[PDB]
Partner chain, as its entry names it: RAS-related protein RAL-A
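Shown below, as structure tokens, is a lone chain in the form solved without the partner chain; questions about how it binds or moves come after it.
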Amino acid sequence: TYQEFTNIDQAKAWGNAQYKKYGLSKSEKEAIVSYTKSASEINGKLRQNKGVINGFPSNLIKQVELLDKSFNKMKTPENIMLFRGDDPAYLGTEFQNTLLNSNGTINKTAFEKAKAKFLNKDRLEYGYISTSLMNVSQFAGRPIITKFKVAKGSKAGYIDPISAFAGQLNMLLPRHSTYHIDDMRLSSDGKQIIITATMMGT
């Protein structure tokens, strides 16, 4: 199965053990601390351009190339579960202002439709994907939590040390990854959607 971390201290210690062996260059370091400052713009942008880079500003082509190069030194030694909060727009423009009932919970119709659109499908992401070793308090409050199951040996780095705001168990997966949506259910208390997905690599 997949190591789901449950203790904040073994998680931070396990990240630390991984980070010390990376042997990253100082320019790859600068490129990451950058990435965590303006993550959404960069993904926001890469989405609209369907991953093709050849024609961007020089600042970004040198940045994105370095980010992709980092992942040669950053690999997980075991199957691992990573987490992520998301807002409604993540499901599509038709879910942006329909997904939440006024009382803060999920609309039962909106969820069924989303369930149908996405259950048992693959999904391709052009942005990098930012995740966390546990369901940290910074993002656990968004209406959509995703658990990713990530196979031993995959590209995945603990970039918490070189991140703008640290102590948030920050992991990064590479751009242009693909994943398959296994489950989509409502939480116990009805205010969330818990999605479960397997990283198909890429």
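Numbering follows the first chain given and starts at 1.
There is another form of the same protein, the form deposited with the partner chain bound; it is not shown, and what comes next is about it.
In the deposited complex, the partner chain lies within 4.5 Å of some heavy atom of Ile162. Mapping the unseen interface onto this chain, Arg142 falls outside it, with no heavy atom inside 4.5 Å of the partner chain in the deposited complex. The partner chain in the deposited complex is not approached by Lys152, whose heavy atoms all lie more than 4.5 angstroms from it. The partner chain in the deposited complex is not approached by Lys147, whose heavy atoms all lie more than 4.5 angstroms from it. Candidate site formed by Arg84, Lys113 and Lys121: none of these residues places a non-hydrogen atom within 4.5 angstroms of the partner chain in the deposited complex. In the deposited complex, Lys29, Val33, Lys37 are the residues of 24-58 with at least one heavy atom within 4.5 Å of the partner chain, listed from first to last.
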